[PDB]
Amino acid sequence: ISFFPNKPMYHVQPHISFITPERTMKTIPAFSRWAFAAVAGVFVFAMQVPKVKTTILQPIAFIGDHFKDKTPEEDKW
Amino acid sequence: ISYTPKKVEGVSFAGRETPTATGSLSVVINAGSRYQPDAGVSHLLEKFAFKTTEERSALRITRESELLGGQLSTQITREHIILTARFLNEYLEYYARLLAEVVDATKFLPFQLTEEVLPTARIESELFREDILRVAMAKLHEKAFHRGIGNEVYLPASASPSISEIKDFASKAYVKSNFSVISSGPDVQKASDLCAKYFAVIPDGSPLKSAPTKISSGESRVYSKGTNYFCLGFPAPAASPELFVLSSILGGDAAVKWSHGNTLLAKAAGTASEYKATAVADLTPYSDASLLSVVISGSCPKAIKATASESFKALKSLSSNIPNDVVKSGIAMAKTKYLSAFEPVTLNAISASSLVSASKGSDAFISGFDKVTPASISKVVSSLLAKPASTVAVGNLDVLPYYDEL
């Protein structure tokens with residue numbers, strides 16, 4: 001009732017193809033870091049879009065001053 | 001120190017108790033190249049060790065042994081097939097079971113021979129053929145003895161036995177009356193009980209029958225461009241202490257590390273060719289025969305010829321009378337070599353012969369060294385020089401001598 005009866009300390013875990021829970025638990029930090037990097041890249045590549053600028057970048061304090069328009073009464077015709 | 005024979009449940013046992021932390025288990029099957037029906041069958045049968053049995057596959061046998069931390073080894077000689085496995089002493093039962101299963105039920109799958117077994121045999125045969133000295137010694141063995149132990153141990157390049165032949169030979173050889181069990185762990189009684197319990201299911205057949213050895217002579221020649229060799233060979237009857245004493249008296253190998261030597265062969269080489277050619281001698285015991293050989297090697301064929309003539313003259317000089325000091329030195333060196341040939345747990349060509357023979361292989365053999373007298377050595381040498389010797393020459397054949405010119 002044991003793989004290698006002389007050594008019962010071993011066991012076989014569910015697997016598809018070298019995909020095991022022990023290995024799966026190890027790669028989670030890599031996936032999280034890659035997701036964060038991808039999110040940061042997508043953010044940095046789209047920061048002049050008017051909707052993003054007026055919705056996400058503007059309300060943040062100490063950064064919204066730079067991301068705000070500075071056109072006086074001389075403006076759109 | 002020496003194995004003590006015993007027989008339990010129709011199984012030949014030989015144990016030894018040593019104060020170590022490891023152990024050993026081996027089976028010495030009398031199914032070597034001497035008994036093979038066709039050429040190379042013994043080699044392939046030996047290479048089938050630890051393959052897929054009826055209860056386990058090769059993957060299990062390898063991976064689980066790796067998990068347990070053990071080594072499995074196999075060996076083939078001209079008269080034996082040895083399956084051995086060293087381990088930590090805590091795993092005796094498992095390895096006894098593994099060896100018993102390998103010996104008894106070792107189902108021969110037809111697709112393993114063409115995938116794993118044959119290429120290994122081809123590689124081993126090629127590696128053996130590359131070594132010049134081994135080929136020369138094998139040729140000398142074949143020239144001296146006719147076909148009993150003068151067969152070819154390794155598989156030739158133009159042979160391909162079928163799986164049926166190997167299966168038939170295995171069914172005829174792996175029987176309870178055709179091998180023994182050698183163990184050298186720190187406990188003997190427990191190992192004896194384990195071996196008796198486990199090695200008791202193999203059917204009790206009958207030992208293989210082979211004709212008595214036939215002794216003759218002959219000379220072979222071959223060409224090579226590198227170093228040159230010239231080997232002499234004197235077939236002899238069953239090994240005796242006098243033969244070991246004579247082999248040590250001839251000498252050839254230095255005692256001190258960086259020196260020349262004071263043995264007969266060393267002095268012959270020194271006074272013949274100013275140490276430009278080295279001569280060594282050794283003895284190889286067998287079940288019912290022995291072969292004493294002298295090997296002369298070098299790069300100058302003239303020096304090899306001169307030292308061969310000088311060594312032959314020195315050997316012939318031993319038939320008149322021997323001073324006592326030479327006999328004492330030879331006795332001491334032979335005893336030291338014979339006892340040092342027992343320390344390793346691996347069965348070499350000396351321990352196996354002592355174990356297979358049941359007539360006081362080692363217990364009384366050592367006591368027979370101190371009773372060697374110059375008259376006995378002179379008689380042995382005189383009986384040795386009756387028939388001509390067998391020579392093998394490698395290299396420049398226009399300078400390397402024949403036997404008639406020595």
# chains A, B, ... in the order shown; residues from 1 in each chain; ligands from 1
$ residues_around --residues "residue 71 in chain B" --least-positions-apart "5" --cutoff "8 Å" --atoms "only C-alpha atoms" --output "number ranges by chain"
B: 65-66, 85-87
$ write_last_selection --atoms "C-alpha atoms" --output "PDB file, in the first residue's frame"
ATOM      1  CA  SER B  65      18.376   0.988  -5.566  1.00  0.00           C
ATOM      2  CA  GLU B  66      19.510   4.584  -6.086  1.00  0.00           C
ATOM      3  CA  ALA B  85      25.852  -5.725  -4.720  1.00  0.00           C
ATOM      4  CA  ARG B  86      27.408  -3.689  -1.907  1.00  0.00           C
ATOM      5  CA  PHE B  87      25.227  -1.840   0.576  1.00  0.00           C
TER       6      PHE B  87
END
$ interface_residues --of "chain B" --to "chain A" --cutoff "10 Å" --atoms "only C-alpha atoms" --output "compact mmCIF listing (two decimals) with C-alpha atoms, in the first residue's frame"
# COMPACT_ATOMS: atom_id res chain seq x y z
CA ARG B 60 12.38 0.03 -10.52
CA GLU B 64 14.81 2.24 -6.08
CA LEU B 67 16.94 5.67 -3.49
CA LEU B 68 18.34 3.07 -1.07
CA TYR B 91 19.51 -3.28 3.93
CA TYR B 94 16.20 -6.29 0.32
$ select_by_dssp --residues "range 135-297 of chain B" --states "strand (DSSP E or B)" --output "VMD selection string"
chain B and resid 145 181 to 183 215 219 to 222 228 to 236 277 to 285 290 to 297
$ write_last_selection --atoms "C-alpha atoms" --output "short mmCIF file (atom, residue, chain, number, x, y, z; two decimals), in the first residue's frame"
data_model
loop_
_atom_site.label_atom_id
_atom_site.label_comp_id
_atom_site.auth_asym_id
_atom_site.auth_seq_id
_atom_site.Cartn_x
_atom_site.Cartn_y
_atom_site.Cartn_z
CA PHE B 145 45.00 -23.99 -23.85
CA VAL B 181 26.75 -17.29 -2.17
CA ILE B 182 29.55 -15.08 -0.82
CA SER B 183 28.86 -12.61 1.99
CA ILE B 215 47.26 -28.39 -22.92
CA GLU B 219 53.06 -19.06 -31.49
CA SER B 220 51.12 -16.06 -32.83
CA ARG B 221 52.41 -12.93 -34.53
CA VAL B 222 50.92 -9.51 -35.29
CA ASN B 228 56.22 -3.59 -28.73
CA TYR B 229 55.50 -6.58 -26.49
CA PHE B 230 56.82 -10.13 -26.31
CA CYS B 231 55.00 -12.47 -23.92
CA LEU B 232 56.08 -15.96 -22.89
CA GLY B 233 53.67 -18.57 -21.58
CA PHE B 234 54.16 -21.83 -19.67
CA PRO B 235 50.98 -23.85 -19.05
CA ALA B 236 51.16 -25.60 -15.69
CA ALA B 277 62.89 -2.92 -21.46
CA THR B 278 60.85 -4.05 -18.45
CA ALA B 279 60.02 -7.67 -17.65
CA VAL B 280 57.30 -8.74 -15.20
CA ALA B 281 55.77 -12.10 -14.32
CA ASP B 282 52.62 -13.26 -12.55
CA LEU B 283 50.49 -16.37 -12.05
CA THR B 284 46.79 -16.82 -12.85
CA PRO B 285 45.24 -19.81 -11.03
CA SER B 290 47.45 -22.50 -14.22
CA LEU B 291 49.39 -20.21 -16.54
CA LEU B 292 52.71 -18.57 -15.65
CA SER B 293 53.59 -15.78 -18.08
CA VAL B 294 56.52 -13.42 -18.62
CA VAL B 295 55.81 -10.11 -20.37
CA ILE B 296 58.58 -7.98 -21.89
CA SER B 297 57.63 -4.53 -23.16
#
$ closest_atom_pairs --of "range 77-148 of chain B" --to "range 338-360 of chain B" --cutoff "9 Å" --atoms "only C-alpha atoms" --output "CSV"
residue,atom,partner,partner_atom,distance
B:77,CA,B:349,CA,8.3
B:80,CA,B:352,CA,8.7
B:82,CA,B:347,CA,8.3
B:84,CA,B:346,CA,8.3
B:86,CA,B:345,CA,8.8
$ residues_around --residues "residue 254 in chain B" --least-positions-apart "5" --cutoff "9 Å" --atoms "only C-alpha atoms" --output "PyMOL selection string"
chain B and resi 259-263+266
$ select_by_dssp --residues "range 85-217 of chain B" --states "alpha helix (DSSP H)" --output "ChimeraX atom specification"
/B:92-104,110-112,118-130,132-144,163-173,189-198
$ atom_distance --atom1 "CA of residue 311 in chain B" --atom2 "CA of residue 265 in chain B"
5.9 Å
$ decode --residues "range 14-51 of chain A" --atoms "N, CA, C and O atoms" --output "mmCIF file, in the first residue's frame"
data_model
loop_
_atom_site.group_PDB
_atom_site.id
_atom_site.type_symbol
_atom_site.label_atom_id
_atom_site.label_comp_id
_atom_site.auth_asym_id
_atom_site.auth_seq_id
_atom_site.Cartn_x
_atom_site.Cartn_y
_atom_site.Cartn_z
ATOM 1 N N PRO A 14 -0.782 13.917 -7.198
ATOM 2 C CA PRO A 14 -1.430 14.079 -8.506
ATOM 3 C C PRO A 14 -0.604 14.960 -9.433
ATOM 4 O O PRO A 14 0.037 15.921 -9.003
ATOM 5 N N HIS A 15 -0.625 14.617 -10.719
ATOM 6 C CA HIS A 15 0.192 15.305 -11.706
ATOM 7 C C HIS A 15 -0.373 15.038 -13.093
ATOM 8 O O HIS A 15 -0.962 13.984 -13.343
ATOM 9 N N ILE A 16 -0.183 16.005 -13.989
ATOM 10 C CA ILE A 16 -0.619 15.868 -15.374
ATOM 11 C C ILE A 16 0.589 15.525 -16.235
ATOM 12 O O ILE A 16 0.657 14.446 -16.835
ATOM 13 N N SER A 17 1.549 16.446 -16.298
ATOM 14 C CA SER A 17 2.831 16.202 -16.958
ATOM 15 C C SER A 17 3.841 17.117 -16.274
ATOM 16 O O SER A 17 3.900 18.311 -16.579
ATOM 17 N N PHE A 18 4.587 16.559 -15.316
ATOM 18 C CA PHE A 18 5.524 17.290 -14.452
ATOM 19 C C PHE A 18 4.876 18.512 -13.792
ATOM 20 O O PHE A 18 5.569 19.362 -13.224
ATOM 21 N N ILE A 19 3.548 18.588 -13.813
ATOM 22 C CA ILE A 19 2.800 19.663 -13.172
ATOM 23 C C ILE A 19 2.296 19.112 -11.844
ATOM 24 O O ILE A 19 1.313 18.368 -11.796
ATOM 25 N N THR A 20 2.973 19.478 -10.758
ATOM 26 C CA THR A 20 2.650 18.983 -9.434
ATOM 27 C C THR A 20 2.383 20.149 -8.489
ATOM 28 O O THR A 20 2.885 21.255 -8.710
ATOM 29 N N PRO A 21 1.582 19.937 -7.438
ATOM 30 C CA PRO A 21 1.325 21.036 -6.491
ATOM 31 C C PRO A 21 2.587 21.605 -5.867
ATOM 32 O O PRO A 21 2.665 22.819 -5.638
ATOM 33 N N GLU A 22 3.582 20.759 -5.587
ATOM 34 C CA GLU A 22 4.826 21.249 -5.003
ATOM 35 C C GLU A 22 5.535 22.218 -5.941
ATOM 36 O O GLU A 22 6.013 23.273 -5.509
ATOM 37 N N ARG A 23 5.613 21.877 -7.228
ATOM 38 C CA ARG A 23 6.214 22.790 -8.195
ATOM 39 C C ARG A 23 5.310 23.986 -8.462
ATOM 40 O O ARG A 23 5.796 25.101 -8.680
ATOM 41 N N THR A 24 3.991 23.771 -8.452
ATOM 42 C CA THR A 24 3.057 24.863 -8.714
ATOM 43 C C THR A 24 3.166 25.950 -7.651
ATOM 44 O O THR A 24 3.124 27.145 -7.967
ATOM 45 N N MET A 25 3.315 25.554 -6.384
ATOM 46 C CA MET A 25 3.435 26.533 -5.309
ATOM 47 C C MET A 25 4.684 27.394 -5.460
ATOM 48 O O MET A 25 4.712 28.534 -4.983
ATOM 49 N N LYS A 26 5.722 26.870 -6.116
ATOM 50 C CA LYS A 26 6.983 27.596 -6.224
ATOM 51 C C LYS A 26 6.932 28.717 -7.257
ATOM 52 O O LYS A 26 7.588 29.748 -7.072
ATOM 53 N N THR A 27 6.177 28.544 -8.339
ATOM 54 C CA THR A 27 6.157 29.510 -9.431
ATOM 55 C C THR A 27 5.171 30.652 -9.215
ATOM 56 O O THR A 27 5.087 31.541 -10.068
ATOM 57 N N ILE A 28 4.418 30.646 -8.113
ATOM 58 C CA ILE A 28 3.453 31.720 -7.869
ATOM 59 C C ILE A 28 4.124 33.086 -7.750
ATOM 60 O O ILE A 28 3.631 34.045 -8.368
ATOM 61 N N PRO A 29 5.209 33.260 -6.979
ATOM 62 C CA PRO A 29 5.847 34.589 -6.936
ATOM 63 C C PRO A 29 6.302 35.089 -8.295
ATOM 64 O O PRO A 29 6.200 36.291 -8.572
ATOM 65 N N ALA A 30 6.804 34.198 -9.153
ATOM 66 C CA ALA A 30 7.213 34.613 -10.490
ATOM 67 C C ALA A 30 6.026 35.126 -11.293
ATOM 68 O O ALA A 30 6.124 36.151 -11.979
ATOM 69 N N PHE A 31 4.889 34.427 -11.215
ATOM 70 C CA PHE A 31 3.691 34.881 -11.914
ATOM 71 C C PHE A 31 3.218 36.227 -11.383
ATOM 72 O O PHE A 31 2.833 37.107 -12.161
ATOM 73 N N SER A 32 3.241 36.407 -10.060
ATOM 74 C CA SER A 32 2.814 37.679 -9.483
ATOM 75 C C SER A 32 3.720 38.821 -9.929
ATOM 76 O O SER A 32 3.238 39.900 -10.300
ATOM 77 N N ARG A 33 5.037 38.600 -9.904
ATOM 78 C CA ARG A 33 5.972 39.636 -10.329
ATOM 79 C C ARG A 33 5.810 39.957 -11.809
ATOM 80 O O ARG A 33 5.867 41.127 -12.205
ATOM 81 N N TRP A 34 5.609 38.934 -12.644
ATOM 82 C CA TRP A 34 5.409 39.177 -14.068
ATOM 83 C C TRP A 34 4.122 39.950 -14.319
ATOM 84 O O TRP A 34 4.081 40.841 -15.176
ATOM 85 N N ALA A 35 3.056 39.620 -13.585
ATOM 86 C CA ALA A 35 1.807 40.359 -13.722
ATOM 87 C C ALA A 35 1.983 41.815 -13.315
ATOM 88 O O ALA A 35 1.475 42.722 -13.985
ATOM 89 N N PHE A 36 2.701 42.059 -12.215
ATOM 90 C CA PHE A 36 2.954 43.434 -11.795
ATOM 91 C C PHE A 36 3.763 44.190 -12.842
ATOM 92 O O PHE A 36 3.474 45.357 -13.138
ATOM 93 N N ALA A 37 4.783 43.544 -13.411
ATOM 94 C CA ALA A 37 5.591 44.192 -14.439
ATOM 95 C C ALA A 37 4.761 44.517 -15.675
ATOM 96 O O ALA A 37 4.889 45.603 -16.250
ATOM 97 N N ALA A 38 3.905 43.584 -16.100
ATOM 98 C CA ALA A 38 3.052 43.831 -17.259
ATOM 99 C C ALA A 38 2.077 44.971 -16.994
ATOM 100 O O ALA A 38 1.845 45.815 -17.868
ATOM 101 N N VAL A 39 1.493 45.007 -15.794
ATOM 102 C CA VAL A 39 0.572 46.086 -15.445
ATOM 103 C C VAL A 39 1.298 47.426 -15.457
ATOM 104 O O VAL A 39 0.784 48.421 -15.983
ATOM 105 N N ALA A 40 2.505 47.471 -14.885
ATOM 106 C CA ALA A 40 3.272 48.712 -14.870
ATOM 107 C C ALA A 40 3.633 49.160 -16.282
ATOM 108 O O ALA A 40 3.588 50.356 -16.591
ATOM 109 N N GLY A 41 4.001 48.216 -17.149
ATOM 110 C CA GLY A 41 4.314 48.572 -18.524
ATOM 111 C C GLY A 41 3.112 49.106 -19.278
ATOM 112 O O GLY A 41 3.212 50.095 -20.010
ATOM 113 N N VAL A 42 1.957 48.458 -19.112
ATOM 114 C CA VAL A 42 0.737 48.937 -19.757
ATOM 115 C C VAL A 42 0.375 50.323 -19.236
ATOM 116 O O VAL A 42 -0.064 51.195 -19.995
ATOM 117 N N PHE A 43 0.569 50.550 -17.935
ATOM 118 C CA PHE A 43 0.309 51.864 -17.356
ATOM 119 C C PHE A 43 1.229 52.923 -17.953
ATOM 120 O O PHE A 43 0.778 54.008 -18.339
ATOM 121 N N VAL A 44 2.527 52.624 -18.034
ATOM 122 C CA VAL A 44 3.486 53.621 -18.499
ATOM 123 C C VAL A 44 3.319 53.897 -19.988
ATOM 124 O O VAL A 44 3.581 55.015 -20.449
ATOM 125 N N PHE A 45 2.877 52.908 -20.767
ATOM 126 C CA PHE A 45 2.711 53.128 -22.199
ATOM 127 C C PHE A 45 1.432 53.876 -22.544
ATOM 128 O O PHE A 45 1.277 54.304 -23.693
ATOM 129 N N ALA A 46 0.515 54.043 -21.591
ATOM 130 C CA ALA A 46 -0.717 54.804 -21.810
ATOM 131 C C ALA A 46 -0.922 55.713 -20.599
ATOM 132 O O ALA A 46 -1.591 55.336 -19.633
ATOM 133 N N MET A 47 -0.343 56.912 -20.659
ATOM 134 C CA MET A 47 -0.534 57.910 -19.618
ATOM 135 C C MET A 47 -0.869 59.287 -20.170
ATOM 136 O O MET A 47 -1.151 60.199 -19.384
ATOM 137 N N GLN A 48 -0.856 59.464 -21.489
ATOM 138 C CA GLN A 48 -1.300 60.696 -22.124
ATOM 139 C C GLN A 48 -2.709 60.586 -22.691
ATOM 140 O O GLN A 48 -3.212 61.560 -23.258
ATOM 141 N N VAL A 49 -3.347 59.430 -22.560
ATOM 142 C CA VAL A 49 -4.731 59.269 -23.021
ATOM 143 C C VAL A 49 -5.639 60.163 -22.185
ATOM 144 O O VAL A 49 -5.547 60.144 -20.944
ATOM 145 N N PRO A 50 -6.510 60.969 -22.804
ATOM 146 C CA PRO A 50 -7.305 61.928 -22.016
ATOM 147 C C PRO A 50 -8.154 61.285 -20.933
ATOM 148 O O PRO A 50 -8.247 61.832 -19.827
ATOM 149 N N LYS A 51 -8.764 60.130 -21.211
ATOM 150 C CA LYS A 51 -9.616 59.490 -20.214
ATOM 151 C C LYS A 51 -8.807 59.037 -19.006
ATOM 152 O O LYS A 51 -9.182 59.304 -17.858
#
